[PDB]
Amino acid sequence: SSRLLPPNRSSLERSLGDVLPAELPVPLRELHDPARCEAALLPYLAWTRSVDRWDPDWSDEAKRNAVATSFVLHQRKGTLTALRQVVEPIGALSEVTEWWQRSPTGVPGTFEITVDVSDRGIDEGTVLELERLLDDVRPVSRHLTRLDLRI
Amino acid sequence: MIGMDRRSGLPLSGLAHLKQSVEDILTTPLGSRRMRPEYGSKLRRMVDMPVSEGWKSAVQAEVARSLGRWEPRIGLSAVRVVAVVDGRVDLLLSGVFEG
Amino acid sequence: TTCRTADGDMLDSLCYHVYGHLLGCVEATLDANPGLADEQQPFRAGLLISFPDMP
Amino acid sequence: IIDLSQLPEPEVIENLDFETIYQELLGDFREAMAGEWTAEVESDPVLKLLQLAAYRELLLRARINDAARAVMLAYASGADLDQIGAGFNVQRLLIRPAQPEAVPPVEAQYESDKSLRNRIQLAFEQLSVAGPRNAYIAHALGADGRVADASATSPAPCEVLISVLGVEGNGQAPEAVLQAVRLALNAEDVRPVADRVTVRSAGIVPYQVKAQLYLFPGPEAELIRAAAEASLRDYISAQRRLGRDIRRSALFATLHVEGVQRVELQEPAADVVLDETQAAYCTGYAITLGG
Amino acid sequence: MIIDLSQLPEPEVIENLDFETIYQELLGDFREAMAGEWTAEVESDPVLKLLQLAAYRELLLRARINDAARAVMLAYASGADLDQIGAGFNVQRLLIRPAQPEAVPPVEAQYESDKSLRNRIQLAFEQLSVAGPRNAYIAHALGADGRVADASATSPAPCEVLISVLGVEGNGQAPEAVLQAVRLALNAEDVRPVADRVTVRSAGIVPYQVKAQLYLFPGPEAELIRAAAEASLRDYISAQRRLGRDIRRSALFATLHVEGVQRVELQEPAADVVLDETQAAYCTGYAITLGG
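Chains as they are written, first to last, in the entry's author numbering: chain 0, 2 to 152; chain a, 1 to 99; chain 6, 3 to 57; chain m, 2 to 292; chain x, 1 to 292.
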């Protein structure tokens, strides 16, 4: 810089001291913070966090929490407590079924779940995603493809 | 040797480069340069000290050190006080040319 | 050997005062210092450099 | 499991060319010399300093980009995924390492790239021990004489249909290799769930390809015809790596190399389907030229 | 394809000189010629004033011959001696800045250095001279500016040569303004009895739309590999602005099947385009989409 020069300096040295270093940003620590990645390279981080399902229609607040909480989701896949948070952009947390609410010892099929989803933002469509968005959280043979919904 | 001028950027070679080579020695303090800490003069430490007859011989002994390091093509002859106005002492830096 | 700066202390001067030479002595200081080079080279008054041994 | 590290390069910082970096520095030089700039100031030793500076952050914008490549798993090179895989509990293993049977012929070998990268990609699918769709897969890749797995369930619940496919040669995997997955899935599954291990869960039909390619009047037809299988013989080994489909266009696009003007296909009348259950095998190929 | 002058062997006529091996010969030619009548080899003898002239002025004449032998060789001449090599090969020394000043200090007429004449005298052979073959009709057809590359043909042997000029301004058609701009150059830079039928082209914009029903996995990389296959489509078609112009169906499979797509469906390319040199091609656009 011009400050790194000795006290004796011309205006030429002080000018070339302000140009010849030519400092640059180093955007390298920002690559692993999902709240500080740029929007053009956010799905690179979503790949290494193994975000299984992705939509190019969400807001960035709904894209970055799927990467930031990709650990807590993938740590507990068989639980309900991350089935609650896997449906984050579709804002819905209403009701869930369990064994003893049905009196005759469960359904034939040993209680596949029929969860309750309550969306209010999008009304057209928004059904055909939830049987496959919830597929990774669902185990391969602990549930059946029976599903319940609400608009 | 052909270098460029400090101001105005013009490449001047023979003896105008010789004079600005000396005045980069005398006016840089020590350690002000980057990665070259043993460069420059202690004349900035001699700034605003009383002009005694031991101050004169300490400037002759320090210009000769600092020009002896980074100016081998100048043989220093003498440094003399030639005038005194309020604060402004002025020194006739005389030396023969070698190299 | 942790030292604290002033608002005008500079890196190549400091590790010349500590080590005695500058051949291989600045980048070894920048190696074992997190976020030192990110800070501006005319230092602020309260940043700490841990100078390593064998530069 | 699809490789991301074969795409065009992402630029985290922009990589400008040499001229607009240079003119940006002159715009910084006119503003710094403001009030005292003259046209005689920008002399020959002054401009060649600015041509150095325009060359050095051309090497710094290339340095920030090359650093940002090797941090992301997309375009990370060797001896650096060990720094990333330590953050994902992925350590490379030893495939017959340096045991000196005789001391000067040292035979050292580690795990290579682009499958170690898959194990870093399959890191978060190994945390959940309650068995999602990929934890039955990612724990079944512990063996060596196989290829990756696909999971499905047609029958009654807690009956897992996993298709253990294997790349070692002509089709069928050995049944002694089949028993290793139940030793690999004991404290990884759910305890009430119970799997059946089917090696070929749908069946194998024999496939071939016969292509009459044309090459340009030009370079030699010996290494360019053989270069068509360089993108094909690794493509067939990657079909049951995901257990997914081949197409008619898979028999076209895997034969286009540098120096192709037209191709030809006869072996399928229409394309075949290979689902998550269905897989197949290709017996023997014959790709020649029509000219 | 020229050879550098720094790898040439040294010639025969250029000699290293020595004052002693001329002067010790003049001693060894005069001492035997006196037959012992002169034997004072002290320098104060006035023959050694003169034998140090006949060995010094000869060394000047031996050097003038070496100076003149370098002046007639291309790898050693300089100054006004490459002007004589330059005047024989119709090559003149350049003018970077002009000769005449407007101010009181005279601006020197800046000529290029003699190290760049050796560039230009040696490139005076591989130079555009006449449009004989197919590689020279097109390079002599670079008089206009708003235009991309071109190729030539000849349907009969004895008379006619065909050049199908296409210029990228709008859709790639050749305007009638640059039809005459080509024909102004080919009248004196061709062989004289050419029937240079410089039309626009036989067929220019033959609109080749593309559509691709891309089928992807809906995961995280579905935005990145969709634009990566789209970027491979951009520089492909931009390389198809050509008379090789092999617009196809299966050559666009490898463009779009990049690493991880499931399949593709090309609708408007259904068959391969039949190829001749005379016609041209154009792509009007596309409507890229996801399968779902």
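Even for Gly, the Cβ is constructed at its ideal location relative to N, Cα and C.
Item to complete: Would you kindly check if the distance between the Cβ of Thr28 (chain a) and the Cβ of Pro7 (chain 0) is under 8 angstroms?
Response: For the purposes of this step, residue 7 (chain 0) is taken as residue 6 along the first sequence, with counting starting at 1. For the purposes of this step, residue 28 (chain a) is taken as residue 28 along the second sequence, with counting starting at 1. Yes, the Cβ-Cβ distance between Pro7 (chain 0) and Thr28 (chain a) is below 8 angstroms.
Fill in: Where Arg36 (chain a) falls: helix, strand or coil (DSSP)
Here residue 36 (chain a) is taken as the residue at index 36 of the second sequence, counted from 1. Note: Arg36 (chain a) maps to coil in three-state DSSP.
Worksheet item: Does any CB atom of chain 6 fall closer than 8 angstroms to the CB of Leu32 (chain 0)?
Response: Taking the first sequence and counting its residues from 1, the one referred to as residue 32 (chain 0) is at position 31. No, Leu32 (chain 0) lies away from the interface with chain 6 (no Cβ there is under 8 angstroms from its Cβ).
Worksheet item: Which residue or residues does DSSP assign as beta-bridge partners of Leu74 (chain m)?
Response: Position 73 of the fourth sequence, counted from the first residue, corresponds to residue 74 (chain m). Answer is none; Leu74 (chain m) lacks a bridge partner.
Worksheet item: List, in order along the chain, the chain a residues whose C-beta lies closer than 9 angstroms to that of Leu24 (chain 6)?
Response: In the third sequence, counting from the first residue as 1, residue 24 (chain 6) sits at position 22. In chain order: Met35, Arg36, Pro37.
Practice prompt. Output the boundary residues of the beta strand (DSSP E) element that contains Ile123 (chain 0).
Written response: Taking the first sequence and counting its residues from 1, one reaches residue 123 (chain 0) at position 122. Neither: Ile123 (chain 0) is in no beta strand (DSSP E) and is coded neither H nor E.
Practice prompt. Take the Cβ of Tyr111 (chain m) as the centre, count every other Cβ of all protein chains shown within 10 Å, and call the residue buried at 16 or more, exposed below.
Written response: Residue numbering aside, residue 111 (chain m) sits at position 110 when the fourth sequence is read from its first letter. Answer is exposed; the Cβ neighbour count stays below 16.
Fill in: N-terminal and C-terminal residue of the alpha helix (DSSP H) that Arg65 (chain a) is part of
Numbered from 1 along the second sequence, position 65 holds the residue referred to as residue 65 (chain a). Looking at the DSSP string, the run of the alpha helix (DSSP H) that includes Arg65 (chain a) is 53-70.
Practice prompt. Check whether the stretch 233-240 of chain m touches the stretch 172-191 of chain m, counting contact only when three or more Cβ pairs, one atom from each stretch, lie closer than 8 angstroms.
Written response: no
Discussion item. Quick check on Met1 (chain a) - is its C-beta less than 8 angstroms from some C-beta in chain m?
Written reply: Start at 1 with the first residue of the second sequence, and residue 1 (chain a) comes out as number 1. False, the Cβ-Cβ gap to chain m never drops below 8 angstroms.
Discussion item. Let me check understanding here. Comparing Cα to Cα, which of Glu43 (chain x), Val91 (chain x), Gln24 (chain x) lies closest to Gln127 (chain x)?
Written reply: Here residue 127 (chain x) refers to the residue found at position 127 of the fifth sequence. Considering only alpha carbons, the answer is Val91 (chain x).
Worksheet item: Which of the three DSSP states, helix, strand or coil, is assigned to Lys211 (chain m)?
Response: Position 210 of the fourth sequence holds residue 211 (chain m). Reduced to three states, the DSSP call for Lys211 (chain m) is strand.
Worksheet item: Is the stretch 109-122 of chain 0 touching the stretch 22-42 of chain 0, taking contact as three or more C-beta pairs under 8 angstroms?
Response: no
Worksheet item: How would you list, in chain order, the residues of chain 0 whose beta-carbon sits under 9 angstroms from the beta-carbon of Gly132 (chain m)?
Response: Translated into the one-based positions of the fourth sequence, residue 132 (chain m) becomes position 131. Within 9 angstroms Cβ-Cβ: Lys78, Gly79, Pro140, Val141, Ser142, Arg143.
Worksheet item: Is it the case that the Cβ atoms of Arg62 (chain m) and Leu17 (chain m) are separated by a distance below 8 angstroms?
Response: For this step, residue 62 (chain m) is matched to residue 61 along the fourth sequence. For this step, residue 17 (chain m) is matched to residue 16 along the fourth sequence. Yes.
Worksheet entry | Beta carbon of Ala177 (chain x) nearer than 8 angstroms to that of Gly167 (chain x) | Here residue 177 (chain x) refers to the residue found at position 177 when the fifth sequence is read from its first residue. Here residue 167 (chain x) refers to the residue found at position 167 when the fifth sequence is read from its first residue. Contact: no.
Practice prompt. Taking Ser164 (chain m) as part of the beta strand (DSSP E), name the residues at either end of that continuous run.
Written response: Here residue 164 (chain m) refers to the residue found at position 163 when the fourth sequence is read from its first residue. Note, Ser164 (chain m): beta strand (DSSP E), 161-165.
Practice prompt. State the Cα-Cα distance for the pair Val13 (chain m) and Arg44 (chain a), rounded to the nearest angstrom.
Written response: Your numbering for residue 13 (chain m) matches position 12 in the fourth sequence. Your numbering for residue 44 (chain a) matches position 44 in the second sequence. Roughly 47 angstroms between the two C-alpha positions.
Worksheet item: How big is the Cα-Cα spacing for residue 296 (chain x) and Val130 (chain x)?
Response: Past the edges of chain x, shown from 1 to 292, lies residue 296 (chain x), and the structure says nothing about it.
Worksheet item: Grouping DSSP H, G and I as helix and E and B as strand, with all else coil, what is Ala99 (chain m)?
Response: Here the question's residue 99 (chain m) lines up with position 98 in the fourth sequence. The answer is coil: DSSP assigns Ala99 (chain m) none of H, G, I, E or B.
Worksheet entry | Bounding residues of the alpha helix (DSSP H) (the contiguous stretch that carries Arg6 (chain 6)) | As a position in the third sequence, residue 6 (chain 6) is number 4, starting the count at 1. That residue, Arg6 (chain 6), is in no alpha helix (DSSP H); its beta strand (DSSP E) goes 4-6.
Fill in: Contact with chain a by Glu43 (chain m), beta-carbon distance below 8 angstroms
Indexing the fourth sequence from 1 puts residue 43 (chain m) at position 42. Cβ-Cβ to chain a under 8 angstroms: yes for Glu43 (chain m).
Worksheet item: By the criterion of Cβ-Cβ separation under 9 angstroms, what are the contact partners of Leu5 (chain 0) in chain C?
Response: Absence of chain C from the displayed structure is noted, the protein chains being 0, a, 6, m and x.
Fill in: Identity of the residue in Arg85 (chain 0), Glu99 (chain 0), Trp100 (chain 0) nearest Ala93 (chain 0) by Cα
Against the first sequence, residue 93 (chain 0) aligns to sequence position 92. The residue with the shortest Cα to Cα distance from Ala93 (chain 0) is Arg85 (chain 0).
Practice prompt. Using a Cβ cut-off of 8 angstroms (strictly closer), state whether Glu113 (chain 0) contacts chain m.
Written response: The residue labelled residue 113 (chain 0) in the question sits at position 112 within the first sequence. Cβ-Cβ to chain m under 8 angstroms: yes for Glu113 (chain 0).
Discussion item. I need the DSSP call for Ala227 (chain x), collapsed to helix, strand or coil.
Written reply: Taking the first residue of the fifth sequence as position 1, residue 227 (chain x) is located at position 227. Helix.
Fill in: Own chain partners of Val210 (chain m) with C-beta closer than 6 angstroms, once the 5 adjacent residues on each side are dropped
Looking up residue 210 (chain m) in the fourth sequence gives position 209. Once the five neighbours on either side are set aside, the close Cβ partners of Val210 (chain m) are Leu252, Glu268, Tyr286.
Worksheet entry | Nonlocal neighbours in the same chain, by C-beta distance under 8 angstroms from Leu46 (chain 0), ignoring five residues either side | On the first sequence, residue 46 (chain 0) is found 45 positions in, with the first residue counted as 1. These residues qualify, in order along the chain: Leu32, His33, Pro35, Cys38, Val68.
Discussion item. Quick check: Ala75 (chain x) and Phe19 (chain x), are their CB atoms within less than 8 angstroms of each other?
Written reply: By 1-based counting over the fifth sequence, the position of residue 75 (chain x) is 75. By 1-based counting over the fifth sequence, the position of residue 19 (chain x) is 19. Taking 8 angstroms as the Cβ cut-off, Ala75 (chain x) and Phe19 (chain x) do not qualify as a contacting pair.
Worksheet item: Closest Cβ-Cβ distance between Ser8 (chain a) and chain m: below 8 angstroms?
Response: As a position in the second sequence, residue 8 (chain a) is number 8, starting the count at 1. Closer than 8 angstroms to some Cβ of chain m, the Cβ of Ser8 (chain a) qualifies, so yes.
Discussion item. Restricting to Cα atoms, I'd like to know which of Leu179 (chain x), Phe89 (chain x), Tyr215 (chain x) is closest to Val200 (chain x).
Written reply: Within the fifth sequence, residue 200 (chain x) is the residue found at index 200, counting from 1. Closest by alpha carbon: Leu179 (chain x).
Worksheet item: According to the Cβ coordinates, are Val273 (chain x) and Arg248 (chain x) closer than 8 angstroms?
Response: Counting from 1 along the fifth sequence, the entry for residue 273 (chain x) is found at position 273. Counting from 1 along the fifth sequence, the entry for residue 248 (chain x) is found at position 248. Yes, the Cβ-Cβ distance between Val273 (chain x) and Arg248 (chain x) is below 8 angstroms.
Worksheet item: Less than 8 angstroms separating the beta-carbons of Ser11 (chain 0) and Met34 (chain m)?
Response: Sequence index remark: in the first sequence, residue 11 (chain 0) carries index 10 (1-based). Sequence index remark: in the fourth sequence, residue 34 (chain m) carries index 33 (1-based). Cβ atoms of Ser11 (chain 0) and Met34 (chain m): not closer than 8 angstroms.
Worksheet entry | Which residues DSSP lists as bridging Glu96 (chain 0), in chain order | As a position in the first sequence, residue 96 (chain 0) is number 95, starting the count at 1. For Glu96 (chain 0), which the question treats as bridged, DSSP gives the partners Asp117 (chain 0).
Item to complete: Check whether the Cβ atoms of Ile225 (chain m) and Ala281 (chain m) sit closer than 8 angstroms, and answer yes or no.
Response: Locating residue 225 (chain m) in the fourth sequence gives position 224, where the first residue counts as 1. Locating residue 281 (chain m) in the fourth sequence gives position 280, where the first residue counts as 1. No.
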